[PDB]
Each structure stands twice: as structure tokens, then as C-alpha cells.
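File shown here: target.pdb, holding PDB, C-alpha atoms (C1' of nucleotides).
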ATOM      1  CA  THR A 164       0.000   0.000   0.000
ATOM      2  CA  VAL A 165       2.300   2.724  -1.360
ATOM      3  CA  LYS A 166       2.234   4.938  -4.433
ATOM      4  CA  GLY A 167       5.176   7.251  -5.079
ATOM      5  CA  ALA A 168       4.418  10.097  -7.498
ATOM      6  CA  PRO A 169       1.772  10.770 -10.173
ATOM      7  CA  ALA A 170       3.188  10.553 -13.698
ATOM      8  CA  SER A 171       2.465   9.230 -17.195
ATOM      9  CA  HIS A 172       5.721   8.233 -18.890
ATOM     10  CA  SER A 173       5.382   9.677 -22.392
ATOM     11  CA  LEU A 174       3.799   6.579 -23.980
ATOM     12  CA  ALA A 175       0.703   6.079 -21.855
ATOM     13  CA  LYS A 176      -2.322   7.506 -23.594
ATOM     14  CA  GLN A 177      -3.841  10.824 -22.478
ATOM     15  CA  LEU A 178      -6.595  12.568 -24.392
ATOM     16  CA  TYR A 179      -8.227  16.005 -24.374
ATOM     17  CA  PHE A 180     -11.905  16.064 -23.435
ATOM     18  CA  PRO A 181     -13.926  19.186 -24.296
ATOM     19  CA  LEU A 182     -15.428  20.870 -21.266
ATOM     20  CA  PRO A 183     -18.968  22.307 -21.859
ATOM     21  CA  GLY A 184     -18.283  26.044 -21.842
ATOM     22  CA  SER A 185     -14.609  26.011 -22.792
ATOM     23  CA  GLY A 186     -11.400  24.372 -21.659
ATOM     24  CA  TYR A 187     -10.200  20.800 -21.517
ATOM     25  CA  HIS A 188      -9.013  18.030 -19.227
ATOM     26  CA  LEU A 189      -6.124  15.723 -20.093
ATOM     27  CA  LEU A 190      -7.819  12.446 -18.992
ATOM     28  CA  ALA A 191      -5.111   9.788 -18.952
ATOM     29  CA  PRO A 192      -6.747   6.347 -19.257
ATOM     30  CA  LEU A 193      -5.364   3.388 -17.350
ATOM     31  CA  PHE A 194      -5.824  -0.288 -18.105
ATOM     32  CA  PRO A 195      -8.338  -1.889 -15.704
ATOM     33  CA  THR A 196      -8.147  -5.305 -14.078
ATOM     34  CA  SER A 197     -11.812  -6.119 -14.514
ATOM     35  CA  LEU A 198     -11.829  -9.904 -14.821
ATOM     36  CA  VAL A 199     -14.461 -10.762 -17.352
ATOM     37  CA  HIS A 200     -11.758 -13.272 -18.330
ATOM     38  CA  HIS A 201     -12.874 -15.531 -15.481
ATOM     39  CA  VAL A 202     -16.514 -15.214 -16.558
ATOM     40  CA  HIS A 203     -15.459 -15.830 -20.170
ATOM     41  CA  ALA A 204     -13.363 -18.905 -19.377
ATOM     42  CA  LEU A 205     -15.898 -20.425 -16.981
ATOM     43  CA  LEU A 206     -18.707 -19.973 -19.528
ATOM     44  CA  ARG A 207     -16.589 -21.544 -22.292
ATOM     45  CA  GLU A 208     -14.882 -24.520 -20.692
ATOM     46  CA  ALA A 209     -16.353 -25.463 -17.286
ATOM     47  CA  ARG A 210     -20.035 -26.226 -17.952
ATOM     48  CA  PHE A 211     -20.188 -25.230 -21.598
ATOM     49  CA  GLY A 212     -19.218 -28.861 -22.159
ATOM     50  CA  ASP A 213     -22.128 -30.283 -20.163
ATOM     51  CA  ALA A 214     -24.752 -27.914 -21.576
ATOM     52  CA  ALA A 215     -23.276 -28.415 -25.048
ATOM     53  CA  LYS A 216     -23.448 -32.209 -24.817
ATOM     54  CA  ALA A 217     -27.031 -31.946 -23.549
TER      55      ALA A 217
ATOM     56  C1'   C B   1      -6.948  18.830 -30.239
ATOM     57  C1'   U B   2      -9.151  12.028 -32.634
ATOM     58  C1'   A B   3      -6.698   4.910 -26.325
ATOM     59  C1'   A B   4      -3.439  10.911 -29.675
ATOM     60  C1'   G B   5       1.511  10.946 -31.567
ATOM     61  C1'   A B   6       5.850   5.905 -34.554
ATOM     62  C1'   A B   7       6.690   1.525 -36.790
ATOM     63  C1'   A B   8       9.817  -3.066 -43.589
ATOM     64  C1'   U B   9       7.866  -9.912 -41.592
ATOM     65  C1'   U B  10      11.251 -12.545 -44.459
ATOM     66  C1'   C B  11      12.360 -16.214 -46.440
ATOM     67  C1'   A B  12      12.279 -22.489 -49.371
ATOM     68  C1'   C B  13       9.366 -26.664 -50.784
ATOM     69  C1'   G B  14       7.675 -33.307 -55.791
ATOM     70  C1'   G B  15       0.808 -35.162 -53.232
ATOM     71  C1'   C B  16       1.634 -39.341 -55.232
ATOM     72  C1'   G B  17      -0.278 -44.544 -56.933
ATOM     73  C1'   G B  18      -4.995 -48.197 -58.763
ATOM     74  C1'   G B  19      -9.929 -48.914 -60.561
ATOM     75  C1'   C B  20     -16.311 -52.407 -65.238
ATOM     76  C1'   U B  21     -22.053 -48.807 -62.833
ATOM     77  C1'   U B  22     -25.242 -52.158 -64.165
ATOM     78  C1'   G B  23     -29.662 -54.172 -66.124
ATOM     79  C1'   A B  24     -35.949 -53.397 -68.319
ATOM     80  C1'   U B  25     -39.749 -50.564 -70.059
ATOM     81  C1'   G B  26     -46.558 -49.200 -74.897
ATOM     82  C1'   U B  27     -47.948 -41.638 -74.130
ATOM     83  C1'   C B  28     -52.475 -42.425 -75.775
ATOM     84  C1'   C B  29     -57.047 -40.107 -77.328
ATOM     85  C1'   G B  30     -60.520 -35.011 -80.320
ATOM     86  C1'   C B  31     -60.380 -30.516 -83.326
ATOM     87  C1'   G B  32     -64.292 -25.485 -88.527
ATOM     88  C1'   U B  33     -59.923 -20.648 -87.194
ATOM     89  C1'   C B  34     -63.094 -17.407 -89.895
ATOM     90  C1'   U B  35     -64.385 -12.261 -92.365
ATOM     91  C1'   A B  36     -63.583  -7.344 -96.364
ATOM     92  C1'   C B  37     -59.893  -4.953 -98.898
ATOM     93  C1'   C B  38     -58.173   0.311-105.544
ATOM     94  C1'   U B  39     -50.413   0.397-104.913
ATOM     95  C1'   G B  40     -51.501   4.677-106.412
ATOM     96  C1'   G B  41     -50.046  11.075-106.575
ATOM     97  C1'   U B  42     -47.101   8.925-110.844
ATOM     98  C1'   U B  43     -41.588   6.040-115.925
ATOM     99  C1'   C B  44     -38.039  13.783-115.609
ATOM    100  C1'   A B  45     -38.436   8.969-122.366
ATOM    101  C1'   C B  46     -36.466   6.912-127.320
ATOM    102  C1'   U B  47     -34.602  11.573-130.310
ATOM    103  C1'   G B  48     -33.559  15.849-133.948
ATOM    104  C1'   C B  49     -34.431  19.097-138.176
ATOM    105  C1'   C B  50     -30.134  20.899-131.991
ATOM    106  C1'   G B  51     -27.040  24.734-130.138
ATOM    107  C1'   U B  52     -21.795  19.521-128.217
ATOM    108  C1'   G B  53     -22.715  26.333-127.983
ATOM    109  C1'   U B  54     -26.574  24.822-120.101
ATOM    110  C1'   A B  55     -31.697  29.080-123.254
ATOM    111  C1'   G B  56     -33.329  25.531-128.371
ATOM    112  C1'   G B  57     -37.148  22.269-130.829
ATOM    113  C1'   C B  58     -42.956  16.929-131.327
TER     114        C B  58
END

Kindly return the structure encoded in the file as C-alpha cells.
Amino acid sequence: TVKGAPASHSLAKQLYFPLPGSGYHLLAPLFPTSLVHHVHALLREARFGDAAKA
RNA sequence: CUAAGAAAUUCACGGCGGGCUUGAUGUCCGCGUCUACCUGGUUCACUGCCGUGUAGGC
């Protein structure tokens, strides 16, 4: 549980978003660790075989 | 101010081997097609006393 310093080392994406009146924000996106991969793998190998043979 | 902004894939190859498709068959019967028309508004034609001489003759 430690961070360091906020940065975005020159190759991470960061994209202007138009504010309503005027102005922008830089909005650096970060890759999430949402695991739909577990829900994808368990619905393709675990009991996809049993439902598929039925 | 665009998940922004950048990017040489690069190369080669033996698909080969062989072969019985066979036989048989009933298309089979009919039939009312009628009726009336102007090719005519066109053949710039053989000559010749003729002038071949762009008008000139029956």
C-alpha cells in the first residue's frame, strides 16, 4: 500500500476532453483489471461442455 | 486537439499410386380458325431538223 508520485511516462495515452463552456481536461486512461476473463473462461470450458453435450 | 503521436515480416518446398455402374420398359385419345380490302399522286423517255454552244425544238 504505497504509491510514489503521479506521472504518465510519455507513452501512456492521455486525451483532451472538451469541457462544456470552454477548456479541456487531459484524462489519462489506465488499463483496468476487470476480470471478465474468469466469466469468459468459466462460460466456455467449465459447464459449456455439459450444456453443449445436452 | 481524434486509447493521440511511430513503426519493412522474411524467407524455401515433388501429393503421389490403382480402378467395369449395371440391367428393363406401350404416351395415348378429339379438333371449322373465320371475315372485307383500288399500290396509287405517278416512268423527268427513245430523239432531232439541236445549239456539243446549259436558253433551243414533237

Could you make a table, as JSON lines, of the residues of chain B that have an atom within 9 Å of an atom of chain A, each with its nearest atom pair and distance in Å to one decimal, counting only C-alpha atoms (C1' of nucleotides), in chain and number order?
{"residue": "B:1", "atom": "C1'", "partner": "A:179", "partner_atom": "CA", "distance": 6.6}
{"residue": "B:2", "atom": "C1'", "partner": "A:178", "partner_atom": "CA", "distance": 8.6}
{"residue": "B:3", "atom": "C1'", "partner": "A:176", "partner_atom": "CA", "distance": 5.8}
{"residue": "B:4", "atom": "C1'", "partner": "A:178", "partner_atom": "CA", "distance": 6.4}

**Study point:** Evaluate the PyMOL selection byres ((chain B and resi 48) around 10) and report residues as number ranges by chain
**Key:** B: 47, 49-50, 57-58

Mind dumping the selected residues with C-alpha atoms (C1' of nucleotides) as a PDB file, keeping the file's coordinate frame?
ATOM      1  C1'   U B  47     -34.602  11.573-130.310  1.00  0.00           C
ATOM      2  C1'   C B  49     -34.431  19.097-138.176  1.00  0.00           C
ATOM      3  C1'   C B  50     -30.134  20.899-131.991  1.00  0.00           C
ATOM      4  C1'   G B  57     -37.148  22.269-130.829  1.00  0.00           C
ATOM      5  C1'   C B  58     -42.956  16.929-131.327  1.00  0.00           C
TER       6        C B  58
END

A straight line from CA of residue 188 (chain A) to CA of residue 170 (chain A) spans 15.3 Å

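For the pair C1' of residue 5 (chain B) and CA of residue 185 (chain A), the interatomic distance is 23.7 Å.
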
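One finds CA of residue 198 (chain A) at 22.9 Å from CA of residue 166 (chain A).
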